[PDB]
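Everything on this sheet refers to the single structure shown next.
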Amino acid sequence: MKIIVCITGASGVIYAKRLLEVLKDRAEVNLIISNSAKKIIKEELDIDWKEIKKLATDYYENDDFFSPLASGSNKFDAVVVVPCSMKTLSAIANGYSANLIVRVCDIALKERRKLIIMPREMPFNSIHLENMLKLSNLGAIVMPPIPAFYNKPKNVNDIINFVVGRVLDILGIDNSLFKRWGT
Amino acid sequence: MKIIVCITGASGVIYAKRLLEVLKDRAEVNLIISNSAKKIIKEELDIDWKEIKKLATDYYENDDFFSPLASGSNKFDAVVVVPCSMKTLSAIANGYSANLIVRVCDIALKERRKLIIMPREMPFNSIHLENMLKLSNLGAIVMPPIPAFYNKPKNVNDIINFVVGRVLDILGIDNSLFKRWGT
Amino acid sequence: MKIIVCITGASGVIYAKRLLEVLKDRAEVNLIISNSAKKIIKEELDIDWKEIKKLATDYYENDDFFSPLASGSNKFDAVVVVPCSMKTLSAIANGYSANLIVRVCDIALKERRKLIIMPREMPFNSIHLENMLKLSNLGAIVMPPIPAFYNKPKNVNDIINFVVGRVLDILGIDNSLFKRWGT
Amino acid sequence: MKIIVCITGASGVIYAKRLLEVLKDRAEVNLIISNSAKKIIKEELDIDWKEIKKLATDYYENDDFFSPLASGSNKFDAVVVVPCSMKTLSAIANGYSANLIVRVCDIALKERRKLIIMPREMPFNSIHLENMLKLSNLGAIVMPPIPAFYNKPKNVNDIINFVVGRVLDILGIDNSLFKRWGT
Amino acid sequence: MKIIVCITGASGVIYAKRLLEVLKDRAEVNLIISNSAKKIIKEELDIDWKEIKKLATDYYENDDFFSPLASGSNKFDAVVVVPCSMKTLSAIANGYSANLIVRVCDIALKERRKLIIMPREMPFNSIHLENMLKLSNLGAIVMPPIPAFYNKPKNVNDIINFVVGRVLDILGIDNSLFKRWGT
Amino acid sequence: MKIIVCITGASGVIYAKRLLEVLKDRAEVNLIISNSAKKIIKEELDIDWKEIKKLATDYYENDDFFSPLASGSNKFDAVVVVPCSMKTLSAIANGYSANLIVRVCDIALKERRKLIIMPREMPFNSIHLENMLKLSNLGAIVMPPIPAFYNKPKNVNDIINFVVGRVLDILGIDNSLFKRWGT
Amino acid sequence: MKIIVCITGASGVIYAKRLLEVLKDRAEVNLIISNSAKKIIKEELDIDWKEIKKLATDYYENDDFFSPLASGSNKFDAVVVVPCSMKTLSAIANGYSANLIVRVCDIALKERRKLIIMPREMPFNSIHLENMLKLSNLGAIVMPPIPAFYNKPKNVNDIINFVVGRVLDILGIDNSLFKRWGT
Amino acid sequence: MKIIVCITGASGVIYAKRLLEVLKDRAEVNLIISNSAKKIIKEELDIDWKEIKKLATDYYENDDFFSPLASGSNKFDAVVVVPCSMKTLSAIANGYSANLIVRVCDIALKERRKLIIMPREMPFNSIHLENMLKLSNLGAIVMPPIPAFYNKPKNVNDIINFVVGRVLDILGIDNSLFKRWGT
Amino acid sequence: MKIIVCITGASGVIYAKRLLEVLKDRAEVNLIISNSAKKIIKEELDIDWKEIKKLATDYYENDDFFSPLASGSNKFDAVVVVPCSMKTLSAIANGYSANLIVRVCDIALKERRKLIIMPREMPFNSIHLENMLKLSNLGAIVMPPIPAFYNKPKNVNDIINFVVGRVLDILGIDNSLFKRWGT
Ligand SMILES: Cc1cc2nc3c(=O)[nH]c(=O)nc-3n(C[C@H](O)[C@H](O)[C@H](O)COP(=O)(O)O)c2cc1C
Ligand SMILES: Cc1cc2nc3c(=O)[nH]c(=O)nc-3n(C[C@H](O)[C@H](O)[C@H](O)COP(=O)(O)O)c2cc1C
Ligand SMILES: Cc1cc2nc3c(=O)[nH]c(=O)nc-3n(C[C@H](O)[C@H](O)[C@H](O)COP(=O)(O)O)c2cc1C
Ligand SMILES: Cc1cc2nc3c(=O)[nH]c(=O)nc-3n(C[C@H](O)[C@H](O)[C@H](O)COP(=O)(O)O)c2cc1C
Ligand SMILES: Cc1cc2nc3c(=O)[nH]c(=O)nc-3n(C[C@H](O)[C@H](O)[C@H](O)COP(=O)(O)O)c2cc1C
Ligand SMILES: Cc1cc2nc3c(=O)[nH]c(=O)nc-3n(C[C@H](O)[C@H](O)[C@H](O)COP(=O)(O)O)c2cc1C
Ligand SMILES: Cc1cc2nc3c(=O)[nH]c(=O)nc-3n(C[C@H](O)[C@H](O)[C@H](O)COP(=O)(O)O)c2cc1C
Ligand SMILES: Cc1cc2nc3c(=O)[nH]c(=O)nc-3n(C[C@H](O)[C@H](O)[C@H](O)COP(=O)(O)O)c2cc1C
Ligand SMILES: Cc1cc2nc3c(=O)[nH]c(=O)nc-3n(C[C@H](O)[C@H](O)[C@H](O)COP(=O)(O)O)c2cc1C
């Protein structure tokens, strides 16, 4: 399974870090990190962004349009935008593929490949909601990171693993990352 | 400030508990708890629902339409639906005021009083998103509990206090519940 | 009163200069100037852009996302985009917060803070008009600089002071910058 | 070139006066002045409205439906509504041809003749914007008088000549009324 | 508090009379009465319309566009159209400010001032309902005079005072004009 | 059968004259003639408008809102607007009942009585077509006078009788005014 | 000027006959006649359809897709569908180019050439009106044959010449076929 | 894999010929050729249409509704309409299953089977674009034959093989028909 | 004839090269090449981008907003975006004039000058199709490079000359670049 993981400049890049490590030995992972996300990884995770780069089977710069990912002639199974900034949510919904992340999302939509986006914002305004609705109407899986608590998390890590486990659920990847509802 | 806190049957009732206690001595709080939320409080917080009832200046049953809240002739400043189930999100968006919670939301909209809803679901489908968009277009503040991490939470409690602090921000209530972006 | 003044690359930056000086001692003013507007200030006002920078209580670069303004956790009262380019009008209407100006407009909309935009173009096409209509429908005050003449302006300065006085009117700031209709 | 100039009751009738005199010897000009505009000409230009009447090759009263203009069987090249009141903008957008001005605009639309409207209002509300969008979508040129300043106006007259020069530009009439962008 | 009371030609002008007298010493009231409403006041209240004129701090004729109210440069707090004819409901919804009443409603919408309309008709058709929906979507308070009976009215006067008390409620004016729901 | 015949200022008032005389002894006919139609009757039929007035069982001035027709409490079976000007088509579609004709059309729609309109214009623009579509969607019978020729008309009179016969067909009135398709 | 005249199966083919003869020596006319129109020409004009065929510079069968007209690579100035059946109005509006007539209309729309349609039906339903509105919105000239009477027609021929003269007006062809409004 | 290949009357039937031969020994292919496409195969490929018929595992006439394909009770995996005429694009988008091709497309949509359409036209008008948008919104893969050149085609054959290879890509059929982007 | 040729980063820049050379001595050509297109010219045409620069009467950098083209006060006859990337298609449709190419397209739309766009993508998704539909609805000529084969191309060059000949057709430029349908 070939999964494109796209990190954009919004709070909660810890979700992307955890997803990348639970995917390490279970899927071919291509990684793209926007310039804004590089600064957020540094600020929120107190590690340099290149530390995230090594958890993927391949990495491409967000401005490297000569990447093989930038064409529908090349194939992949799924895209995960985690977290998804409001800027990138807008670009995906309107087709403004000015970087590699939005280009591979636009490719996923035209080639009918699975597209998961995790918009992180609070509150949402009507522009965010309409951009999400449009993409959901086109078959994208709109999945803002909204933890539940029926698994009774004991720490931050339990919350992160719930969100990531649900992402793997949507990807069709079996996991036991969280205590499910039936316990 | 008179605030109506409405707890519906969705995961994350811990947000409602924390909001009620930080509001205890700062606002007149009226509380409504749906039957489904009573079971979720018991399951997720391992306390009986009547323990939540005592944190409010007033309580009304979700089926008590003779409550003073059930009429626009009586006044309040804000409604907070936390967490907001998809069922109640649907009812508010379509005006199906079959219980007291949806009735006071419908009152808030016709009387132009502040309405905050916190829909808790993951992923969202297009029905959820359109119901949220409609309500946001009418002036409701659509605020799913989506924690950020730039405050670097050290525990579950730091995550809950971020979400609740943002709710107080929207209510216009000064608080220091979380480390803000400028630190 | 904390007002964010955003200057974008469209003709009529003299409006922004006049607004900044009548606001100098009456409000806490944060200023953002886009790169395009820096060139227009130089071309139309024959002064370097840093001369405008000093009229504000604070300045932030349009690419400084680490500015405190870039988060809803921090507070302000109003945003004024003067003048508003068609590019920035598009970005605000579609949520493409790729710079600090659009990000604080998007924040204003989600946090329900006052947003004033002054699109400067002639003629308008249907894309401009639909972008303005959408934002007006969301509660933004869409205010292209369209001077009136019932005050009988004697010079360019009287025209600029009419437009700026109307902006202060919308902000709720008492002023006598122009001869009102009742004279 | 036969141009219908329609003056309605909104501020800025000086634009109509200047347009009429630069058109004097370059086009066959038919003029209509609404009753409200007659009062505004008097108040803003301190001249009687009949002084404007003499600058046209023909004049018709706004209630003279027996005018030849009131039928599509008769021909013209363009209509200019300057300035355009919000009332007349509404009437044109909804087809309420209760006077000669709106009737010749409705004729222009059905006969596919050029229609220019210059709505003068500040701010615009959503009703104005939707009425303009509808007309722009039908091929009308929606042109609120929004002066630019890259020509560095030295006086009110330079501002008026910029707006009027742009109107002549849209009409296809060569002019040197303003210093263009390339200088 | 400066309130514009606008009486249009629909049945139920008794509501406007009662509102004007309960507002007499509690707000600065400007009054406009349409020609049709003058005849309805005479027919339904068996008093000459000038008897209503004296209950206001100021009066303006519906055709007096030189009134200070006819410009956004002048300020007011709220407009109440009571009762609102279907003709005037249409004009407000479509922006056809052909008289002073609709002009001050259009001003209220562009200046974001409170607008209350009380359309009186039975039944409503789809044109009425869409005109009301549009205005409600723009933030107007659409308030047809629909008395309730939980206050157990003993006479016509109790019904009129309920409707008027609710109008004062929306205006933010404290009153005891009716027995509220909580009794 | 009580039929309201409304003549508005558009070409083809001969249709209204012929309809009124074929209805003379077969239905109770109430007649309203707009001021514009009075001039068109004079110009196109070379007879004074009062000659048309005598063919009806009752006549009311277009500004006589005290007419019994102006209330839904009074009853009628059908309204025929023949011919229908574009101005009146607009007013009916938008609910702008500023005269008795549009008021009785609006009454017909709310009371669910039969409404026939015969818009006379050529070509139609998109505003006309949308106004007709809206009214047709509400159940009005939109019937521009478009003669057919399968009856092989020998003179103008045969064309007028075809159009009028079709109107009687829609009214449910048996007639032999034209040679039907089956001959 | 190269004009495509398309006759479809609706009443009023006399309009097409008259248009073809007034165009004989003033434009290059290509003619297409549908099978249904061939029967209507015979029934309504009591002449064989081949009599109409000779009035054109070229004729093509409605099923001859190898005609040069059937490609946008070949050029023409205008299409006139007279009369336009409801079936063909539907096909044009929905793009169902199953014959040569609809194909050249679809070509006219993609190549931005003038398209005139004359739908003949009475009354219209909402399907007709929406099909006309869509085409008018795309720039087609929607022109049902609706004669006026201000020219005071003395016979059927005067009515036919009014309609045809208006068609030539829209085509930009000078004519004196009817007494215009200014007489 | 059972694939229905449908050839309609538009230029570029060479794409259908090439697709049929690369599919010969890799899938069960059912073929339908419209009458118009039979003429285009003859004109553009200078071979009789029956030469194309032999490349399929089964053939059915476009009017043979007794074909097993004409019912959803029978199964297939994918439909490819190559090339897709504007007429057939319209019929599919509107559900006008008047032949076997459109019927199996309508079946594919109701049974949720893969539907690929390749509309061939240049330019497109708004009717084409809306018909494509509607079908794309329903899950059809809208794929006009638009060759790329990053594979550096050396001849017409390289262009045809790129388009066909992309079709096989969408079908999930591995192929090396073109030099992919990563070379 | 002044034509703006805009090359954006999509496959098929050979179309732009061929169009520029057939336009060399027949029109005043202004050229803009985006940074992405510069790389694609190098990769697909194996020539440096400056080789394309010399075929135009003028060249401007895509970031040179001080170019005379960047203002509506300066005039041109037509814009051709060939090829049009999905990113630039999005920007034009939404008005995001962040570079000179989109700015001159936005100018073309407001000044009602001819705009031709040639989006190159396969397949299209619903975002592409809606962006094209919107622009086509505004009067842009949406012309993806979709070659036909009725001219029986013998080589790649014949395909390129068909597409370019059709572009000249839309521009109103006589050419014999391809064998037309009538041969
Ligand atoms: C510390 C920080 C946190 C941010 N958090 C968010 C966020 O949570 N949601 C959001 O939409 N934007 C957020 N932003 C702003 C975005 O980073 C900004 O819009 C940026 O342009 C996104 O670009 P990208 O999608 O290419 O990463 C944040 C910015 C900073 C500096
Ligand atoms: C343990 C549990 C957790 C649930 N969590 C959610 C949830 O997170 N979001 C949601 O929409 N519904 C959730 N539901 C289902 C809702 O409770 C259900 O739709 C209910 O009818 C809501 O009614 P109420 O809004 O009146 O409380 C949950 C149900 C259970 C038993
Ligand atoms: C001298 C000059 C004047 C301009 N005037 C306008 C204008 O009046 N309206 C507009 O929409 N764009 C105008 N532009 C183009 C914008 O500056 C351009 O779209 C830019 O990208 C806007 O970016 P910004 O909003 O970040 O400032 C002008 C450009 C120049 C060089
Ligand atoms: C002094 C004065 C200035 C006005 N200015 C405007 C204006 O700038 N914009 C506007 O929409 N209406 C304005 N109005 C109100 C309009 O004149 C009013 O709506 C009138 O009915 C327009 O009618 P008309 O379009 O037939 O001229 C103004 C009125 C007055 C008395
Ligand atoms: C006695 C009487 C009662 C009326 N009642 C109503 C009414 O209740 N609702 C309504 O929409 N129109 C009613 N009308 C008709 C309106 O007065 C008419 O449409 C008028 O043009 C409204 O104009 P205005 O809004 O400027 O007052 C009534 C008319 C009369 C004579
Ligand atoms: C001689 C003459 C003929 C007219 N013919 C038409 C017409 O055929 N269609 C139309 O919409 N307006 C026509 N008009 C204009 C209308 O009369 C005008 O819009 C008027 O305001 C209609 O008002 P009413 O509907 O109250 O009669 C004509 C005007 C004149 C003077
Ligand atoms: C005598 C006769 C008259 C007709 N008149 C009309 C008409 O006036 N309007 C219409 O829409 N259809 C009319 N029809 C039906 C159309 O001819 C029918 O829908 C036909 O399929 C149109 O096909 P065409 O557009 O290819 O000519 C008439 C049919 C007949 C036999
Ligand atoms: C030589 C020729 C080429 C054609 N090319 C096209 C084309 O490229 N696109 C199109 O929409 N129609 C084209 N047509 C017209 C269609 O064949 C026509 O609309 C036909 O009815 C389609 O029917 P079908 O889809 O059942 O094959 C062409 C016609 C001919 C004769
Ligand atoms: C080799 C190559 C080929 C590309 N082909 C296309 C294409 O055919 N269609 C498309 O939409 N984008 C294509 N792209 C991606 C665009 O270049 C990218 O979205 C870019 O940002 C467009 O920017 P521009 O419009 O300013 O040139 C291609 C990229 C590369 C590297």
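If you check the header, you will see the structure was determined by X-ray crystallography, 2.2 Å.
Keep in mind that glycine also has a Cβ here, set from the backbone N, Cα and C atoms.
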Same-site residue for FMN (record: Swiss-Prot; known: H:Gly9, H:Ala10, H:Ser11, H:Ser34, H:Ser85, H:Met86, H:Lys87, H:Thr88; options: H:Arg113, H:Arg120, H:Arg166): H:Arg120
Binding-site residues whose CB lies under 6 angstroms from ligand 8, from H:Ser85, H:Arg120, H:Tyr150, H:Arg166: H:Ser85, H:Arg120
Cβ neighbours within the same chain of H:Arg120 (FMN binding site) - under 8 Å, at least six residues apart: H:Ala10, H:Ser11, H:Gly12, H:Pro83, H:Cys84, H:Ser85, H:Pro144, H:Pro145
Binding-site residues, contacting chain I; criterion Cβ under 8 Å; candidates H:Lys87, H:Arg120, H:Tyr150: H:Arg120, H:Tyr150
H:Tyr150 (dimethylallyl phosphate binding site) to H:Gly9 (FMN binding site) - Cα separation in whole Å: 29
Binding-site residues near chain C, Cβ-Cβ under 8 Å, from H:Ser85, H:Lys87, H:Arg120: none
Distance from H:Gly9 (FMN binding site) back to H:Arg166 (dimethylallyl phosphate binding site), taken between C-alpha atoms, in Å: 22
Listed binding-site residues (H:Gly9, H:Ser11, H:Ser85, H:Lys87, H:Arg120) that sit near chain A [CB under 8 A]: none
Binding-site residues near chain G, Cβ-Cβ under 8 Å, from H:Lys87, H:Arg120, H:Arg166: H:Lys87
Other same-chain residues whose Cβ falls within 8 Å of the Cβ centroid of H:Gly9, H:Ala10, H:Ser11, H:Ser34, H:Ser85, H:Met86, H:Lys87, H:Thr88, H:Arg120, the recorded FMN site, in sequence order: H:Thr8, H:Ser36, H:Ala37, H:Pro83, H:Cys84, H:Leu89, H:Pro119
Mapped DSSP class for H:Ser85 (FMN binding site), helix or strand or coil: coil
Per DSSP, three-state class assigned to H:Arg120 (FMN binding site): coil
DSSP three-state assignment for H:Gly9 (FMN binding site): coil
Same chain, 6+ residues apart, C-beta under 8 Å of the C-beta of H:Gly9 (FMN binding site), given in sequence order: H:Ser34, H:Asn35, H:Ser36, H:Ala37, H:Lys39, H:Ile40, H:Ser85, H:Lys87
H:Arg166 (dimethylallyl phosphate binding site): tally of other CB atoms within 10 A of its CB: 24
